[PDB]
Structures are given as structure tokens and as C-alpha cells.
Amino acid sequence: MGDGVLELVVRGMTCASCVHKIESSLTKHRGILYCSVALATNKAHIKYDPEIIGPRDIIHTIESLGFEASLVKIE
């Protein structure tokens with residue numbers, strides 16, 4: 001409920017694959033509330049609370065997995 005939206009533009013990606021890699025991966029952090037990786041806009045719309053997980057924590061994990069990841073925040 002009004003927790004924290006987090007559009008990371010994920011510079012990299014391709015088609016599928018990278019998508020569910022991100023989604024499946026970061027959802028393992030029990031502070032990610034949701035992970036919509038809009039390939040269409042090369043963007044992880046993550047939903048998270050800042051309290052139990054920092055945005056950088058997720059970002060590190062994303063960039064590490066395949067990418068560069070920048071919290072544009074609704075782009």
C-alpha cells in the first residue's frame with residue numbers, strides 16, 4: 001500500500017530470458033513486493049518498501065545479473 005514504486009530502466013536485455021531472469025531472481029528478495037519487467041520500455045517496474053530493502057540492493061543484483069539498471073522512476 002503506497003510502499004514504493006521503482007522503475008529501473010534496465011539498459012541491456014533482449015527478449016524473454018533476461019526478463020524472467022530479472023523477475024524470478026529479484027523476487028527472491030523478501031523486500032521486493034513486485035517486479036514487472038516491461039521489456040517494451042526496457043524497464044523493471046519494481047514495487048518494494050525502502051525499509052526492508054534498499055533500492056541499491058536490488059539494483060546491484062539486477063546490474064550484476066546482466067545489465068545496467070537506473071531508477072528513472074516512472075519513465
# chains A, B, ... in the order shown; residues from 1 in each chain; ligands from 1

call {"tool": "select_by_dssp", "arguments": {"residues": "chain A", "states": "strand (DSSP E or B)", "output": "list in words"}}
result
residues 5, 6, 7, 8, 9, 10, 11, 32, 33, 34, 35, 36, 37, 38, 43, 44, 45, 46, 47, 48, 68, 69, 70 and 71 of chain A

call {"tool": "residues_around", "arguments": {"residues": "residue A:71", "least_positions_apart": "2", "cutoff": "6 Å", "atoms": "only C-alpha atoms", "output": "ChimeraX atom specification"}}
result
/A:7-8,73

call {"tool": "closest_residue", "arguments": {"among": "A:1, A:20, A:40, A:26", "to": "residue A:61", "atoms": "only C-alpha atoms"}}
result
A:26

call {"tool": "closest_residue", "arguments": {"among": "A:35, A:22, A:15, A:46", "to": "residue A:66", "atoms": "only C-alpha atoms"}}
result
A:22

call {"tool": "closest_residue", "arguments": {"among": "A:16, A:72, A:44, A:39", "to": "residue A:58", "atoms": "only C-alpha atoms"}}
result
A:44

call {"tool": "closest_residue", "arguments": {"among": "A:9, A:28, A:69, A:21", "to": "residue A:53", "atoms": "only C-alpha atoms"}}
result
A:28

call {"tool": "closest_residue", "arguments": {"among": "A:37, A:45, A:54, A:5", "to": "residue A:17", "atoms": "only C-alpha atoms"}}
result
A:37

call {"tool": "atom_distance", "arguments": {"atom1": "atom CA of residue A:31", "atom2": "atom CA of residue A:14"}}
result
26.3 Å

call {"tool": "atom_distance", "arguments": {"atom1": "atom CA of residue A:36", "atom2": "atom CA of residue A:4"}}
result
13.6 Å

call {"tool": "residues_around", "arguments": {"residues": "residue A:33", "least_positions_apart": "6", "cutoff": "8 Å", "atoms": "only C-alpha atoms", "output": "ChimeraX atom specification"}}
result
/A:27,46-49

call {"tool": "closest_residue", "arguments": {"among": "A:12, A:24, A:2, A:30", "to": "residue A:57", "atoms": "only C-alpha atoms"}}
result
A:30

call {"tool": "atom_distance", "arguments": {"atom1": "atom CA of residue A:75", "atom2": "atom CA of residue A:10"}}
result
11.3 Å

call {"tool": "decode", "arguments": {"residues": "chain A", "atoms": "C-alpha atoms", "output": "CSV table (one decimal), in the first residue's frame"}}
result
chain,number,residue,atom,x,y,z
A,1,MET,CA,0.0,0.0,0.0
A,2,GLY,CA,1.9,3.1,-1.3
A,3,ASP,CA,5.0,1.2,-0.5
A,4,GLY,CA,7.5,2.4,-3.2
A,5,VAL,CA,7.4,2.2,-7.0
A,6,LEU,CA,10.8,1.7,-8.6
A,7,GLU,CA,11.2,2.0,-12.4
A,8,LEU,CA,14.7,0.9,-13.1
A,9,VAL,CA,15.4,1.4,-16.8
A,10,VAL,CA,17.4,-1.8,-17.4
A,11,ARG,CA,19.9,-1.0,-20.2
A,12,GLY,CA,20.7,-4.3,-21.8
A,13,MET,CA,18.1,-7.0,-22.2
A,14,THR,CA,17.0,-8.7,-25.5
A,15,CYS,CA,13.7,-10.7,-25.5
A,16,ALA,CA,12.2,-13.0,-22.8
A,17,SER,CA,15.1,-14.7,-20.9
A,18,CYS,CA,16.6,-11.6,-19.4
A,19,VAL,CA,13.0,-10.7,-18.5
A,20,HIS,CA,12.1,-13.7,-16.3
A,21,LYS,CA,15.8,-13.9,-15.1
A,22,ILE,CA,15.3,-10.5,-13.5
A,23,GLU,CA,11.7,-11.1,-12.3
A,24,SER,CA,12.3,-14.6,-10.9
A,25,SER,CA,15.7,-13.6,-9.5
A,26,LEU,CA,14.8,-10.3,-7.6
A,27,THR,CA,11.5,-11.7,-6.3
A,28,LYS,CA,13.8,-14.0,-4.2
A,29,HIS,CA,14.5,-10.9,-2.0
A,30,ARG,CA,11.7,-10.8,0.5
A,31,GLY,CA,11.6,-7.0,0.2
A,32,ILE,CA,10.6,-7.0,-3.5
A,33,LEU,CA,6.8,-6.6,-3.4
A,34,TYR,CA,6.6,-6.9,-7.2
A,35,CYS,CA,8.8,-7.0,-10.4
A,36,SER,CA,7.1,-6.1,-13.8
A,37,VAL,CA,10.0,-6.1,-16.3
A,38,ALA,CA,8.4,-4.2,-19.2
A,39,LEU,CA,10.8,-5.3,-22.0
A,40,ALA,CA,8.6,-2.9,-24.1
A,41,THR,CA,10.3,0.0,-22.3
A,42,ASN,CA,13.4,-2.0,-21.2
A,43,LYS,CA,12.3,-1.2,-17.6
A,44,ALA,CA,11.9,-3.1,-14.3
A,45,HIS,CA,8.9,-1.6,-12.7
A,46,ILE,CA,9.7,-2.9,-9.3
A,47,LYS,CA,7.5,-2.3,-6.3
A,48,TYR,CA,9.3,-2.5,-2.9
A,49,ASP,CA,9.3,-0.9,0.5
A,50,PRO,CA,12.6,1.1,1.2
A,51,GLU,CA,12.5,0.0,4.8
A,52,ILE,CA,13.3,-3.7,4.4
A,53,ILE,CA,15.3,-3.5,1.2
A,54,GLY,CA,17.3,-0.6,-0.3
A,55,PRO,CA,16.8,0.2,-4.0
A,56,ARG,CA,20.6,-0.1,-4.5
A,57,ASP,CA,20.4,-3.7,-3.1
A,58,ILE,CA,18.1,-4.7,-5.9
A,59,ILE,CA,19.9,-2.5,-8.5
A,60,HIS,CA,23.3,-4.2,-7.7
A,61,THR,CA,21.6,-7.6,-8.1
A,62,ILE,CA,20.0,-6.6,-11.4
A,63,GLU,CA,23.1,-5.0,-13.0
A,64,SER,CA,25.2,-7.9,-11.7
A,65,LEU,CA,22.7,-10.4,-13.3
A,66,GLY,CA,23.0,-8.9,-16.8
A,67,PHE,CA,22.5,-5.2,-17.1
A,68,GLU,CA,23.0,-1.6,-16.1
A,69,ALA,CA,19.9,-0.5,-14.0
A,70,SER,CA,18.9,3.1,-13.4
A,71,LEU,CA,15.9,4.3,-11.2
A,72,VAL,CA,14.4,6.6,-13.7
A,73,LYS,CA,11.2,6.3,-11.6
A,74,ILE,CA,8.2,6.3,-13.9
A,75,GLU,CA,9.8,6.6,-17.2
